[PDB]
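Down below is the structure, laid out as structure tokens.
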Amino acid sequence: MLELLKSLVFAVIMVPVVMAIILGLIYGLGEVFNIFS
Amino acid sequence: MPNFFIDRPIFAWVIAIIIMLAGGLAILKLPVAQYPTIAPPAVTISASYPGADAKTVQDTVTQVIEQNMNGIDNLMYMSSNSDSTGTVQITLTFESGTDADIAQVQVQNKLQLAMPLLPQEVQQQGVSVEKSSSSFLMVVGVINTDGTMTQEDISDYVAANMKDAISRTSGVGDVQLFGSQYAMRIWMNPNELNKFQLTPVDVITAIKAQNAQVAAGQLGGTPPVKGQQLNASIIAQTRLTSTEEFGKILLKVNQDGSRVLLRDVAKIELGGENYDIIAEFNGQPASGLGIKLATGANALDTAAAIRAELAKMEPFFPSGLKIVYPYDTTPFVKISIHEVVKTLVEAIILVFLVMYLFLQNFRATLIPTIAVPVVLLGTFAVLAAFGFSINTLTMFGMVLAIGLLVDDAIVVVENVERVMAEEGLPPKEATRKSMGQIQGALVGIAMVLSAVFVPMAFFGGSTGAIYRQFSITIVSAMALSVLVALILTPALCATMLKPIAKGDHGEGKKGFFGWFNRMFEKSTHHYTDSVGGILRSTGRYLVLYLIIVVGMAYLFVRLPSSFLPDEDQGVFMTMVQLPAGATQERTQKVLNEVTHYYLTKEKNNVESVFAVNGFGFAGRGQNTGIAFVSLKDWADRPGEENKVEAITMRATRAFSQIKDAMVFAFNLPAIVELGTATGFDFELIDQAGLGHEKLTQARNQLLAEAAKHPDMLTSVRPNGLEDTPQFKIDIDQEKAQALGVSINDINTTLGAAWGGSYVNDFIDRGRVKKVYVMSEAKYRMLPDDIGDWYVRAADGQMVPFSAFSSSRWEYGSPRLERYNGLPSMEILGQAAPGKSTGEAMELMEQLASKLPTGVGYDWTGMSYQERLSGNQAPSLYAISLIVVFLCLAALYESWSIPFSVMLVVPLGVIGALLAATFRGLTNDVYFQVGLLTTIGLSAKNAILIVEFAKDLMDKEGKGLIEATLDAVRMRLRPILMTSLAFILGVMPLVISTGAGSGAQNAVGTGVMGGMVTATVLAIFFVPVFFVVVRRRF
Amino acid sequence: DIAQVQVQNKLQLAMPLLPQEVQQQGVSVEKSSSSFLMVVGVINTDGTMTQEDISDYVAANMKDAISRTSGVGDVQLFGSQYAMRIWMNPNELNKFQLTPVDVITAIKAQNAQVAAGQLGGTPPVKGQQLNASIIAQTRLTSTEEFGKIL
Amino acid sequence: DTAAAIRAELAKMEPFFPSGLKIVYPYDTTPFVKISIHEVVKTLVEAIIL
Amino acid sequence: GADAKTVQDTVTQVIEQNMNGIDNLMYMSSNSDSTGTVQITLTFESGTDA
Amino acid sequence: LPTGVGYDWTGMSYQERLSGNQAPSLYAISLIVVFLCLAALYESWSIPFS
Amino acid sequence: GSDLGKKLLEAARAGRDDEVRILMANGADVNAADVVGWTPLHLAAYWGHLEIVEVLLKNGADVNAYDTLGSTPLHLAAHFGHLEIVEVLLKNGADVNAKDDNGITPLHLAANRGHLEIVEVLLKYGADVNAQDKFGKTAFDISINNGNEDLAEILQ
Ligand SMILES: COc1ccc(C[C@H](N)C(=O)N[C@H]2[C@@H](O)[C@H](n3cnc4c(N(C)C)ncnc43)O[C@@H]2CO)cc1
Ligand SMILES: CCCCCCCCCCCC
Ligand SMILES: CCCCCCCCCCCC
Ligand SMILES: CCCCCCCCCC
Ligand SMILES: CCCCCCCCCC
Ligand SMILES: CCCCCCCCCC
Ligand SMILES: CCCCCCCCCC
Ligand SMILES: CCCCCCCCCC
Ligand SMILES: CCCCCCCCCC
Ligand SMILES: CCCCCCCCCC
Ligand SMILES: CCCCCCCCCC
Ligand SMILES: CCCCCCCCCC
Ligand SMILES: CCCCCCCCCC
Ligand SMILES: CCCCCCCCCC
Ligand SMILES: CCCCCCCCCC
Ligand SMILES: CCCCCCCCCC
Ligand SMILES: CCCCCCCCC
Ligand SMILES: CCCCCCCCC
């Protein structure tokens, strides 16, 4: 099962990467909503 | 209820165990098929009248049968074609839900009573009555590679040695032979016949006499003479068995006493019944088997069993015979299955990773890893118990529900963890407190989701049958999910979660998790500070929301719609159309050139070409064909340029160059019944006995006007064939009577020689097979050959056909259609780009109203369904919408607060529309079911925020803003946890290429885009919604 | 639905033993109530069509579609569809030494719809360029044509 | 339901009738059913008002 | 007046070859005899609607 | 018997075969259900085993 | 023939007056024939496209072209009751006593279908009224057998 090793790795790499993007977006959407006030 | 099972973990574990057993059993007994039954039930009546012409078939068979389809039950419409090859097909289409077995028996029984009204020769061939289906499990080709067998030979071998064994194979429901067993072919020579003053009639008479079964009786049969000893059975004449015996048939004794044997005036050989279709596979003669899956059978097991049975026949094949598998949906279904298990498993691993990331202890992490599979298994148990199958639609229904199932697990567990950190309560009493906060909402959520998704089960017709694969999969998954969340996860939390010290939010941990925790607590302050500012100035955001909604409507109305995405199914067809009157040989040269292109320019991609000369979809005849191309497996065609769509376009472009033939490749529809989303199916009808010429002209009038609104109508065209030259031969009765030549000898001479005649049967190696007479090809090719056939007069003289006949060319129809028993002409077309089919249809109706007196129209097929089941749609959004609101009103005991939830809807839809518009996808059914799971989940998130806020205001007396901020603060984490897991879990589908990627792309991109915007926007806007709604009321 | 399948299963065993003339008029097996649900009447307000004309129009343009409608057990025409009627005169038949049998034989032979096959039909000779249906006798369509039978 | 479907099918033919033809309705057993049923509906409504 | 083998080859095999794919069929049996008579019997799963 | 000659059991003997093949599975599932029911009534994993 | 003559054969049958016009101005063969020997004039005469019959003839169409069974466009026009086209063809030299392979003449064909006007025209231009077909039958013989008393009177 190369595929199961392969799925595991993408998942652990991807949990941080996508997490940052959604947190980045709300922090950033928050700051825009503060300016737009 | 949750409290009951917090103190009864073993009872909850019993339930869970049951459910997994039931689900496990279901996993073993569930049928597996690519698609469920979709098209409404149809029955097809099919007859052959060998050597007949379209009008003769129509006027002596089709009209007779149609006139007797009376008193049959549940009939929506009936259609027919009669064509110039001597074939009629009558199709009766019944209301969805009609029992196909009963429908078929009522049609077959009315036919039976019409049989005495049809020609003897048509009665002798039979009229077949069958369930209409175009869904083959696989097509097995059988070919001969050493040039020692004709396809006539192969077909007989297949029929005699293979078909019956495949028919008996486990799970196969039907087998069609793509050929026919041998027949005894007697090829007549007119010059020899005349030499001996004989005619085809004489040959026919002799064969019927000397190849026949004659009853005799018995020795010592009852009543016996007393004293009789022996009782035996008398065998007299029995059927011939061999060409040698047929050749020895006695035809005449001359005056000198010499004998004329059949073989002296006819060539005799075993051959085919039909010489209409020449099938080749990479240039070699071929036959094949078309195999259909039985009801309730497993496709994967049956295909494997078929291959096993074929395997054990291989040792006995004659030299040069070889099995090939041009068409086999099973490999595709295998990948679909794997992809769906892979998806479910990855989802369970992602929830494990995300639970650990946020909660940082393995005990919490185990709980969804237990709950989710219990719900999945239990859902196959429910599914099976009303006998859905594992099919493509139900399989994607399962992945579209993953978000809802995962969210139920996360919500229950996270809330217990939160309560423990915020209060120091022991796991058991914290779970009790936690479940008290959300059990009401979870039930409310179950009602609301059941009011979004149930309504789509009740559409009608084919698209209704599709929607309800999804509707019942998802509703059962979601109902099992809430049951498990109220009984199993609470018990598990209470017994498996470890206590959390009051105030501990992990900010003082070391390494990564302390960092993560500090960082996330900080991120939560930002967000709430921002929400606080938003809530001090609600006006600007109501305007922003309206902007979003308008942008949603605009985006929506631009996105073109379809039904189901095309796939690289490993095959495509290419169609070959020559002009009128073109011969079999000309078509073969074009098919040969087509096959040569594929095996040469696409050498890497193409495994095989099955070139079938004589069979097309818009009509049959010598002048049409189809080359059916099968590819190497996806694994060896990497890259968008070696996929079907690419090959197709390149192929069609290369063939634009063939002159004197219309030749063009197209992909297969995912489901062959559905035609186009864009398209319509129009029937023009002769309602007052106008006649063929006038109907044709009315058709042409309509087609000319359609062509003048290219803004609205495109590709508006006839489905059928155009009049062609034919040969009018008039028999002069007076001259016939004056010569003493009987009309019956004349007409059977003509028909038997030029059309062929099925005389009777013989027995070839234990199997009954047909006998045919016909002229040798070389004496039935041209008008001058007419005068070479002689008939014997009453006075013994042989009279050439030219003495009593006259002949001229005229034009006539090689395919006559009827619709509900009136002559008809089918017209196809589609809406021009940017136009709805409704608009195109409305114009077609307008144009049709201006046609000649007596000419009417009707809408059929896909357009019948469109008309009736668009009528339905509005009433069902209305019922959905009302019940959603009524459930919310009960949940919150308020007539107004429900609006603060419902407003959340467009927030998910806008990101889904955006994702689809940007990737150039369409509004197809996968996108619209995804559009509904996204709405479901964001509605869920909002229901919990508003429930949390309201409880804070009602129970802890907090102010409007204070409660909203606190509620939104509490739900931030679980909302994020769920979104992270779902967006990641659906990511492989969005980027996926290869087999089934069309569907995977359709469900992934819309869901991921919607989940992004629903997540990011909802958390800012429902606190706005809640605050402005409470303020107004 | 099944009483009718069962009955008809047994009837078809008797069917071949019935007179050809009974068979050709078509036997029906129907499952319907014995009372009329409704009578749809049809008249001509301009008096441009006789009773016989109306019943043919009704029979040929309306009755079949109603009989196929769902829930319709039996349709009884209050009239008769047209046929081609041949009214024999015994005196002229005797004058020309004919009987009704000679007339009937002539009508079958000369009001015929015959399958005659094809030019260049399959299987063909090599190099054929022509494929064309052969059309021979067709069914007659007016009294005029029935009248010129020889 | 069956009477409604018949009428619907008849309606499809009227447009193509030769001059003069006209459908008339000399005998129908269904109208009484619909009408007697609706009179019962009326008494239910009236009863609620009373 | 036919004989078992003529009856088998022209009637029994013809029917049996088309008795495929019927729903819930457990086994099938037939005899063809020298009086020219055939009986083909299909036996269905218990609980099948006869 | 010679190769190519097989056998099958029909009629009442087919049922005999089937009703012994099933029996093991029907004692096993019966016992499991009894055990799981007992665990739920007494809310205990041991009284069931006892 | 060529690609343009195949286009013309089609345009003549479908009555695309404009396409014919263009193809005339690009030299499409007016004597292109399909498998049975039908020229664009045969087709226009059969399906009744008068303007195209006129156009075709002005471009040198053989007015007395015959199909593989010996039938000319005048036979077709007269049989199918296209009176103008019959006149136009005759005015352009169509052989009025043309016989096809069966000995059938245009007068015969029109008499059989009962086209009285066309029969008069044909006679006017010198149709031989006593023309016999391969069975020795005249237009008169035909009118009596067909019971056409009007036509029987004209032939007399
Ligand atoms: C001109 O424009 C169009 C556009 C689309 C179509 C496709 C058609 N719906 C369709 O059914 N297409 C087909 C096939 O692509 C594939 N297939 C597989 N085997 C066969 C088979 N034989 C019996 C010879 N015959 C026909 N189709 C086979 O399954 C489907 C039907 O059984 C045709 C014409
Ligand atoms: C336990 C007290 C809260 C009441 C929640 C009841 C759930 C309402 C569901 C809507 C029913 C139509
Ligand atoms: C199949 C059920 C597994 C039970 C494991 C429980 C072990 C503890 C038993 C004592 C509880 C009273
Ligand atoms: C009035 C006390 C209610 C007791 C609740 C028990 C419900 C258990 C359902 C399984
Ligand atoms: C599938 C059987 C697993 C049973 C787990 C029960 C754990 C007992 C803790 C109360
Ligand atoms: C008390 C056990 C609840 C049963 C639900 C499992 C699904 C089986 C439905 C047929
Ligand atoms: C025995 C049938 C194979 C079923 C295993 C795959 C289940 C996938 C769930 C949709
Ligand atoms: C189906 C998952 C197996 C159950 C194991 C439960 C672990 C906790 C009990 C001590
Ligand atoms: C076809 C059924 C679609 C129903 C949409 C209703 C949306 C309300 C969501 C709260
Ligand atoms: C018209 C057929 C629709 C059947 C589906 C019924 C839905 C029940 C959902 C609980
Ligand atoms: C095939 C129609 C059957 C409808 C019943 C489904 C009920 C769903 C329960 C989850
Ligand atoms: C489907 C929406 C029903 C509308 C009810 C609104 C309540 C009025 C506000 C108190
Ligand atoms: C059918 C939906 C009815 C909605 C009721 C609204 C009540 C108004 C409360 C003031
Ligand atoms: C034509 C039927 C569409 C059913 C799915 C509804 C789409 C939901 C959009 C809000
Ligand atoms: C064929 C006999 C084998 C029986 C083994 C299983 C017994 C049932 C366990 C409850
Ligand atoms: C073949 C499977 C055997 C299962 C044994 C069941 C014993 C249950 C007692 C708890
Ligand atoms: C005291 C709770 C009773 C639960 C019974 C559930 C099983 C029977 C339907
Ligand atoms: C919850 C499942 C009960 C329905 C079982 C009967 C299925 C018949 C199609």
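Following the order of the structure tokens, first chain is A, next is B, and so on, with residues numbered from 1 inside each chain and ligands from 1 in the order they appear.
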
Legend entry - At most 9 Å from ligand 11 (only C-alpha atoms and all ligand atoms): residue list as number ranges by chain: B: 379, 382-383, 386-388, 454, 457, 468-469, 471-480

Write a file of the just-selected residues containing N, CA and C atoms, as a PDB file, in the first residue's frame.
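So selection38.pdb came out as:
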```
ATOM      1  N   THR B 379     -25.952   2.846   7.687  1.00  0.00           N
ATOM      2  CA  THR B 379     -26.632   3.378   6.515  1.00  0.00           C
ATOM      3  C   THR B 379     -26.733   2.351   5.396  1.00  0.00           C
ATOM      4  N   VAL B 382     -29.725   0.254   6.301  1.00  0.00           N
ATOM      5  CA  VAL B 382     -31.003   0.865   5.934  1.00  0.00           C
ATOM      6  C   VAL B 382     -31.210   0.852   4.434  1.00  0.00           C
ATOM      7  N   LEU B 383     -30.180   1.262   3.696  1.00  0.00           N
ATOM      8  CA  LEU B 383     -30.219   1.284   2.238  1.00  0.00           C
ATOM      9  C   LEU B 383     -30.619  -0.053   1.696  1.00  0.00           C
ATOM     10  N   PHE B 386     -34.441  -1.343   1.894  1.00  0.00           N
ATOM     11  CA  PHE B 386     -35.380  -1.106   0.779  1.00  0.00           C
ATOM     12  C   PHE B 386     -34.662  -1.252  -0.558  1.00  0.00           C
ATOM     13  N   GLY B 387     -33.577  -1.993  -0.561  1.00  0.00           N
ATOM     14  CA  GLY B 387     -33.020  -2.549  -1.753  1.00  0.00           C
ATOM     15  C   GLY B 387     -32.688  -1.485  -2.729  1.00  0.00           C
ATOM     16  N   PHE B 388     -32.001  -0.493  -2.231  1.00  0.00           N
ATOM     17  CA  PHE B 388     -31.176   0.250  -3.138  1.00  0.00           C
ATOM     18  C   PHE B 388     -30.000  -0.667  -3.450  1.00  0.00           C
ATOM     19  N   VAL B 454     -35.723  15.488   1.720  1.00  0.00           N
ATOM     20  CA  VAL B 454     -36.853  14.643   1.373  1.00  0.00           C
ATOM     21  C   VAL B 454     -37.530  15.177   0.115  1.00  0.00           C
ATOM     22  N   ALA B 457     -37.061  13.711  -3.437  1.00  0.00           N
ATOM     23  CA  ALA B 457     -37.390  12.341  -3.814  1.00  0.00           C
ATOM     24  C   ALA B 457     -38.624  12.300  -4.668  1.00  0.00           C
ATOM     25  N   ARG B 468     -33.725  10.768  -6.419  1.00  0.00           N
ATOM     26  CA  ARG B 468     -34.009  10.079  -5.180  1.00  0.00           C
ATOM     27  C   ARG B 468     -32.962   9.034  -4.823  1.00  0.00           C
ATOM     28  N   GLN B 469     -32.021   8.714  -5.696  1.00  0.00           N
ATOM     29  CA  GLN B 469     -30.892   7.941  -5.199  1.00  0.00           C
ATOM     30  C   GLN B 469     -30.166   8.759  -4.156  1.00  0.00           C
ATOM     31  N   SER B 471     -31.480  11.517  -2.551  1.00  0.00           N
ATOM     32  CA  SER B 471     -32.323  11.896  -1.427  1.00  0.00           C
ATOM     33  C   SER B 471     -32.376  10.810  -0.356  1.00  0.00           C
ATOM     34  N   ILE B 472     -32.570   9.551  -0.744  1.00  0.00           N
ATOM     35  CA  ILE B 472     -32.716   8.534   0.293  1.00  0.00           C
ATOM     36  C   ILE B 472     -31.395   8.092   0.878  1.00  0.00           C
ATOM     37  N   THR B 473     -30.301   8.124   0.121  1.00  0.00           N
ATOM     38  CA  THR B 473     -29.000   7.847   0.730  1.00  0.00           C
ATOM     39  C   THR B 473     -28.695   8.855   1.833  1.00  0.00           C
ATOM     40  N   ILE B 474     -28.851  10.133   1.516  1.00  0.00           N
ATOM     41  CA  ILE B 474     -28.453  11.197   2.418  1.00  0.00           C
ATOM     42  C   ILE B 474     -29.406  11.271   3.600  1.00  0.00           C
ATOM     43  N   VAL B 475     -30.687  11.132   3.375  1.00  0.00           N
ATOM     44  CA  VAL B 475     -31.563  11.242   4.517  1.00  0.00           C
ATOM     45  C   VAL B 475     -31.330  10.105   5.505  1.00  0.00           C
ATOM     46  N   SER B 476     -31.071   8.906   5.007  1.00  0.00           N
ATOM     47  CA  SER B 476     -30.828   7.813   5.932  1.00  0.00           C
ATOM     48  C   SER B 476     -29.487   7.985   6.618  1.00  0.00           C
ATOM     49  N   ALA B 477     -28.451   8.407   5.884  1.00  0.00           N
ATOM     50  CA  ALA B 477     -27.175   8.647   6.558  1.00  0.00           C
ATOM     51  C   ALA B 477     -27.350   9.685   7.656  1.00  0.00           C
ATOM     52  N   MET B 478     -28.046  10.773   7.344  1.00  0.00           N
ATOM     53  CA  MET B 478     -28.175  11.851   8.298  1.00  0.00           C
ATOM     54  C   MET B 478     -29.041  11.389   9.487  1.00  0.00           C
ATOM     55  N   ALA B 479     -30.105  10.606   9.260  1.00  0.00           N
ATOM     56  CA  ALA B 479     -30.909  10.108  10.386  1.00  0.00           C
ATOM     57  C   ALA B 479     -30.115   9.132  11.261  1.00  0.00           C
ATOM     58  N   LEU B 480     -29.360   8.221  10.648  1.00  0.00           N
ATOM     59  CA  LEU B 480     -28.496   7.365  11.448  1.00  0.00           C
ATOM     60  C   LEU B 480     -27.490   8.196  12.220  1.00  0.00           C
TER      61      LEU B 480
END
```

Inset, instruction - For ligand 3, collect every residue having any atom at a distance of at most 6 Å from a ligand atom (counting only C-alpha atoms and all ligand atoms); output as a count of residues only. - result: 3

Legend entry - All residues having an atom within 12 Å of ligand 15 (only C-alpha atoms and all ligand atoms) as an MDAnalysis selection string: chainID F and resid 17 19:35

Each residue of chain B with at least one atom at most 10 Å from ligand 8 should appear once, together with its nearest atom pair and the corresponding distance in Å (one decimal); atoms considered: only C-alpha atoms and all ligand atoms; ordering: chain, then increasing residue number; output as a Markdown table.
```
| residue | atom | partner | partner_atom_place_in_ligand_line | distance |
| --- | --- | --- | --- | --- |
| B:13 | CA | ligand 8 | 4 (C) | 8.8 |
| B:16 | CA | ligand 8 | 1 (C) | 8.8 |
| B:17 | CA | ligand 8 | 1 (C) | 8.2 |
| B:20 | CA | ligand 8 | 1 (C) | 8.7 |
| B:363 | CA | ligand 8 | 8 (C) | 9.3 |
| B:366 | CA | ligand 8 | 7 (C) | 8.4 |
| B:367 | CA | ligand 8 | 6 (C) | 9.3 |
| B:369 | CA | ligand 8 | 2 (C) | 8.2 |
| B:370 | CA | ligand 8 | 2 (C) | 5.7 |
| B:371 | CA | ligand 8 | 1 (C) | 8.9 |
| B:373 | CA | ligand 8 | 1 (C) | 8.5 |
| B:374 | CA | ligand 8 | 1 (C) | 8.3 |
| B:492 | CA | ligand 8 | 8 (C) | 8.6 |
| B:495 | CA | ligand 8 | 8 (C) | 8.7 |
| B:496 | CA | ligand 8 | 8 (C) | 7.2 |
```

Inset, instruction - List all protein, DNA and RNA residues that have at least one atom no more than 8 Å from any atom of ligand 6, counting only C-alpha atoms and all ligand atoms, and write them as a PyMOL selection string. - result: chain B and resi 15+18-19+22-23+378-379+381-382+385

Saved selection, atoms kept: N, CA and C atoms, as a CSV table (one decimal), in the first residue's frame:
```csv
chain,number,residue,atom,x,y,z
B,15,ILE,N,-26.3,-1.6,20.8
B,15,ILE,CA,-26.8,-1.0,19.6
B,15,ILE,C,-25.8,-0.9,18.5
B,18,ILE,N,-24.9,-4.3,16.9
B,18,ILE,CA,-26.0,-4.6,16.0
B,18,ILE,C,-25.7,-4.0,14.7
B,19,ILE,N,-26.1,-2.7,14.6
B,19,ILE,CA,-25.8,-1.8,13.5
B,19,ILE,C,-24.5,-2.2,12.6
B,22,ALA,N,-25.5,-5.5,11.1
B,22,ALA,CA,-26.4,-5.3,10.1
B,22,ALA,C,-25.8,-4.7,8.9
B,23,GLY,N,-24.9,-3.7,9.1
B,23,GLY,CA,-24.3,-3.0,8.0
B,23,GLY,C,-23.3,-4.0,7.3
B,378,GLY,N,-24.4,1.4,9.4
B,378,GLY,CA,-25.8,1.4,9.6
B,378,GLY,C,-26.5,1.9,8.4
B,379,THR,N,-26.0,2.8,7.7
B,379,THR,CA,-26.6,3.4,6.5
B,379,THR,C,-26.7,2.4,5.4
B,381,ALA,N,-27.1,-0.8,5.9
B,381,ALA,CA,-28.2,-1.6,6.4
B,381,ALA,C,-29.5,-1.0,6.1
B,382,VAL,N,-29.7,0.3,6.3
B,382,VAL,CA,-31.0,0.9,5.9
B,382,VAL,C,-31.2,0.9,4.4
B,385,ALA,N,-32.2,-2.5,3.1
B,385,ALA,CA,-33.5,-2.9,3.6
B,385,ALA,C,-34.6,-2.4,2.8
```

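Residues lying within 12 Å of residue 15 of chain D, counting only C-alpha atoms and ignoring same-chain neighbours fewer than 5 positions away, are residues 687, 688, 849, 853, 854, 855, 856 and 857 of chain B; 9, 10, 20, 21, 22 and 23 of chain D.
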
I need the chosen residues saved as a PDB file, in the first residue's frame, with N, CA and C atoms.
```pdb
ATOM      1  N   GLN B 687     -52.490  14.538 -38.818  1.00  0.00           N
ATOM      2  CA  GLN B 687     -53.754  14.385 -38.085  1.00  0.00           C
ATOM      3  C   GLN B 687     -54.976  14.399 -38.988  1.00  0.00           C
ATOM      4  N   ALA B 688     -54.797  14.296 -40.270  1.00  0.00           N
ATOM      5  CA  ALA B 688     -55.983  14.256 -41.090  1.00  0.00           C
ATOM      6  C   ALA B 688     -55.633  13.590 -42.418  1.00  0.00           C
ATOM      7  N   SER B 849     -47.430  26.154 -35.036  1.00  0.00           N
ATOM      8  CA  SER B 849     -48.814  26.592 -35.156  1.00  0.00           C
ATOM      9  C   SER B 849     -49.131  27.231 -36.502  1.00  0.00           C
ATOM     10  N   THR B 853     -52.945  23.260 -42.683  1.00  0.00           N
ATOM     11  CA  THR B 853     -54.137  22.583 -42.210  1.00  0.00           C
ATOM     12  C   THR B 853     -53.861  21.107 -42.102  1.00  0.00           C
ATOM     13  N   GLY B 854     -54.204  20.541 -40.940  1.00  0.00           N
ATOM     14  CA  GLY B 854     -54.094  19.126 -40.705  1.00  0.00           C
ATOM     15  C   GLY B 854     -52.837  18.660 -40.023  1.00  0.00           C
ATOM     16  N   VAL B 855     -51.836  19.514 -39.842  1.00  0.00           N
ATOM     17  CA  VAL B 855     -50.542  19.107 -39.290  1.00  0.00           C
ATOM     18  C   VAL B 855     -50.404  19.550 -37.835  1.00  0.00           C
ATOM     19  N   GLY B 856     -50.139  18.582 -36.965  1.00  0.00           N
ATOM     20  CA  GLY B 856     -50.078  18.786 -35.540  1.00  0.00           C
ATOM     21  C   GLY B 856     -48.711  18.463 -35.006  1.00  0.00           C
ATOM     22  N   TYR B 857     -48.532  18.480 -33.690  1.00  0.00           N
ATOM     23  CA  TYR B 857     -47.249  18.161 -33.110  1.00  0.00           C
ATOM     24  C   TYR B 857     -47.459  17.652 -31.702  1.00  0.00           C
TER      25      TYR B 857
ATOM     26  N   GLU D   9     -57.849  13.792 -24.209  1.00  0.00           N
ATOM     27  CA  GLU D   9     -57.503  13.224 -25.512  1.00  0.00           C
ATOM     28  C   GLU D   9     -58.448  13.701 -26.594  1.00  0.00           C
ATOM     29  N   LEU D  10     -59.744  13.808 -26.279  1.00  0.00           N
ATOM     30  CA  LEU D  10     -60.682  14.348 -27.248  1.00  0.00           C
ATOM     31  C   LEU D  10     -60.263  15.783 -27.595  1.00  0.00           C
ATOM     32  N   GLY D  20     -67.771  21.359 -39.263  1.00  0.00           N
ATOM     33  CA  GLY D  20     -69.031  20.939 -38.779  1.00  0.00           C
ATOM     34  C   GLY D  20     -68.989  19.968 -37.614  1.00  0.00           C
ATOM     35  N   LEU D  21     -67.987  19.109 -37.530  1.00  0.00           N
ATOM     36  CA  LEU D  21     -68.057  18.098 -36.494  1.00  0.00           C
ATOM     37  C   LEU D  21     -67.952  18.753 -35.148  1.00  0.00           C
ATOM     38  N   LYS D  22     -68.595  18.120 -34.172  1.00  0.00           N
ATOM     39  CA  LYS D  22     -68.812  18.727 -32.864  1.00  0.00           C
ATOM     40  C   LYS D  22     -69.081  17.634 -31.846  1.00  0.00           C
ATOM     41  N   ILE D  23     -68.396  17.672 -30.759  1.00  0.00           N
ATOM     42  CA  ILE D  23     -68.599  16.671 -29.731  1.00  0.00           C
ATOM     43  C   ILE D  23     -69.762  17.092 -28.836  1.00  0.00           C
TER      44      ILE D  23
END
```

Legend entry - Residues of chain F within 6 Å of chain B, counting only C-alpha atoms, as a ChimeraX atom specification: /F:36,40,43

Legend entry - All residues 9 Å or closer to residue 977 of chain B, only C-alpha atoms, same chain fewer than 5 positions away omitted, as number ranges by chain: B: 351, 354-355, 358, 407, 410, 972, 982

Quick one: write out the picked residues with N, CA, C and O atoms as a short mmCIF file (atom, residue, chain, number, x, y, z; two decimals), in the first residue's frame?
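selection32.cif, written as the output of this step:
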```
data_model
loop_
_atom_site.label_atom_id
_atom_site.label_comp_id
_atom_site.auth_asym_id
_atom_site.auth_seq_id
_atom_site.Cartn_x
_atom_site.Cartn_y
_atom_site.Cartn_z
N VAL B 351 -10.29 13.47 10.21
CA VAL B 351 -10.90 13.81 11.49
C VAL B 351 -9.97 13.40 12.62
O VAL B 351 -9.88 14.10 13.63
N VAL B 354 -7.27 16.17 12.71
CA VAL B 354 -7.78 17.45 13.17
C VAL B 354 -8.18 17.38 14.64
O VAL B 354 -7.95 18.32 15.40
N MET B 355 -8.77 16.30 15.08
CA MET B 355 -9.10 16.17 16.49
C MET B 355 -7.84 16.24 17.34
O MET B 355 -7.82 16.90 18.38
N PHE B 358 -6.38 19.89 17.50
CA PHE B 358 -7.06 20.80 18.40
C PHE B 358 -7.15 20.30 19.82
O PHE B 358 -6.88 21.05 20.76
N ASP B 407 -19.54 16.18 11.10
CA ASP B 407 -19.89 17.32 11.94
C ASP B 407 -20.65 16.85 13.19
O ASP B 407 -20.46 17.40 14.27
N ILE B 410 -17.94 15.61 15.65
CA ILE B 410 -17.11 16.70 16.16
C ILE B 410 -17.90 17.58 17.14
O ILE B 410 -17.40 17.92 18.20
N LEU B 972 -16.75 28.89 17.40
CA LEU B 972 -15.66 29.10 16.44
C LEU B 972 -14.88 27.81 16.21
O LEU B 972 -14.68 27.38 15.07
N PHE B 982 -13.55 18.59 6.28
CA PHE B 982 -14.31 18.39 5.06
C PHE B 982 -13.59 18.94 3.84
O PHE B 982 -13.53 18.27 2.81
#
```
